[PDB]
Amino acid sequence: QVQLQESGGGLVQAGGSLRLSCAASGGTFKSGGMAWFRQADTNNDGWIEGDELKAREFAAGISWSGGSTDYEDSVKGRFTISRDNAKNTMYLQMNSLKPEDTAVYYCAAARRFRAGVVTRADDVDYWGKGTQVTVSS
């Protein structure tokens, strides 16, 4: 019954910014954390193609209180995660967007995660369907 609904993806010029949101419904979030994952460019060519649409990598994560965060190294100083516990919503502020930030971004919930910031896709219970971030040069 838990549902995660992302918004905020769009078409933006490189160097621009987007703010993603994830609204959680269908349960209580008083534990664990949530995270943003994105499609993984598993063959390291600079593009998502073929079956990489199903691959996932961690971007940013936050404990349920907002008290703890972590980030993939290559988004540090550019992206900021935050959460409004009273509204059960999580945000990703994406500044200084780069072309290779282009991907679907997925909201992920891990209410039972004991170290606050979930980083592995297998530890996630619930996934949103994503929002597509498209960065143009």
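Residue numbers here begin at 1 and follow the sequence given.
Undergrad: Averaged over C-alpha atoms, is the B-factor higher for 81-89 or for 41-49 in this PDB entry?
TA: The stretch with the larger average C-alpha B-factor is 81-89.
Undergrad: Select between 93-101 and 71-79 the stretch whose C-alpha atoms have the higher average B-factor in the entry.
TA: Mean C-alpha B-factor is greater for 71-79.
Undergrad: Within this chain's modelled residues, let me know which third the CA B factor of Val124 belongs to: lowest, middle or highest.
TA: Bottom third by C-alpha B-factor.
Undergrad: Sort the modelled residues of this chain by their C-alpha B factor and say whether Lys54 lands in the lowest, middle or highest third.
TA: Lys54: CA B-factor falls in the lowest third of its chain.
Undergrad: Thinking about Cα B factors across the chain, which third does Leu4 belong to?
TA: Middle third - that is where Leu4 ends up once the chain's C-alpha B-factors are sorted.
Undergrad: Considering every modelled residue of the chain and its Cα B-factor in the PDB entry, is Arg111 in the lowest, middle or highest third?
TA: Answer is lowest: the recorded C-alpha B-factor places it there.
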